[PDB]
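Colleague: Experimental structure below, sequence on top.
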Amino acid sequence: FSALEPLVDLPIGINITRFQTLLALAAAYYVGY
Amino acid sequence: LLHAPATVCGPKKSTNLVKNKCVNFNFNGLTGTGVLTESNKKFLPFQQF
Ligand SMILES: *[C@@H]1O[C@H](CO)[C@@H](O)[C@H](O)[C@H]1NC(C)=O
């Protein structure tokens, strides 16, 4: 068990529905909802 | 107004800090009443109250 702490609280009013990811052209990243 | 929630606010003024006396206090938006004393409790670097 390990807890997550806050970092940033950006007050920007955009709406987000889809995202993406970068690769620095052995990679593995997991996604949950 | 009513767009891009408030980000340009006026300056906020401050006063002196007193201890061991019944004083009304407003710590960054928390209103109350009581006597303020130093404490040995330790928070985490991101916790406020
Ligand atoms: C969601 O995005 C739409 C634009 O597609 C925008 O008009 C609306 O204000 C956004 N809502 C929130 C809560 O961000």
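Modeller: That came through fine. Residues are numbered from 1 along each chain as shown, chains lettered A, B, ... in the order given.
Colleague: going forward, measure contacts between C-alpha atoms and count neighbours the same way
Modeller: OK.
Colleague: What parts of chain B come near chain A?
Modeller: When proximity is defined by Cα under 8 Å from any Cα of the partner chain, chain B lies next to chain A at B:4-5, B:7, B:46.
Colleague: if we go to 7 Å?
Modeller: On the criterion Cα under 7 Å from any Cα of the partner chain, chain A has as its neighbours in chain B the residues residue B:4.
Colleague: Run through the strands of chain B in chain order.
Modeller: For chain B, applying DSSP state E gives strands covering B:22-27, B:30-35.
Colleague: Does anything pack onto the first one? Which helices or strands?
Modeller: Other elements packing on strand B:22-27 under the criterion 3 or more Cα pairs under 7 Å, 6 or more residues apart in numbering or on different chains; DSSP states H and E are strand B:30-35.
Colleague: For chain B, what's its nearest residue on chain A.
Modeller: The minimum distance from chain A to chain B, using Cα to the nearest Cα, falls at residue A:13 (5.2 Å).
Colleague: Looks like that residue contacts residue B:4 (just checking).
Modeller: Yes - counting by Cα atoms under 7 Å, a contact exists between residue A:13 and residue B:4, whose distance comes to 5.2 Å.
Colleague: got TSV for the strands of chain B, with mean neighbour count too?
Modeller: Rendered in TSV, the data for the strands of chain B read as follows (neighbours: other Cα atoms under 10 Å in any protein chain shown):
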stretch	mean neighbour count
strand B:22-27	12
strand B:30-35	10
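Colleague: Please convert the ones you listed to CSV, extending it with distance to residue A:26.
Modeller: Putting those into CSV (distance: least, Cα to Cα, whole Å) gives the following:
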stretch, distance to residue A:26
strand B:22-27, 49
strand B:30-35, 49
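Colleague: between those strands, which gets nearest to residue A:19?
Modeller: strand B:30-35 (36.8 Å; Cα to Cα).
Colleague: Show me which residues of chain A are close to chain B?
Modeller: That would be A:12-13, which are the residues of chain A within reach of chain B (Cα under 7 Å from any Cα).
Colleague: before we move on, back to that, relative to residue B:3, how far out is the residue of chain A closest to chain B?
Modeller: Using Cα to Cα, to the nearest Å, residue A:13 is found at 8 Å from residue B:3.
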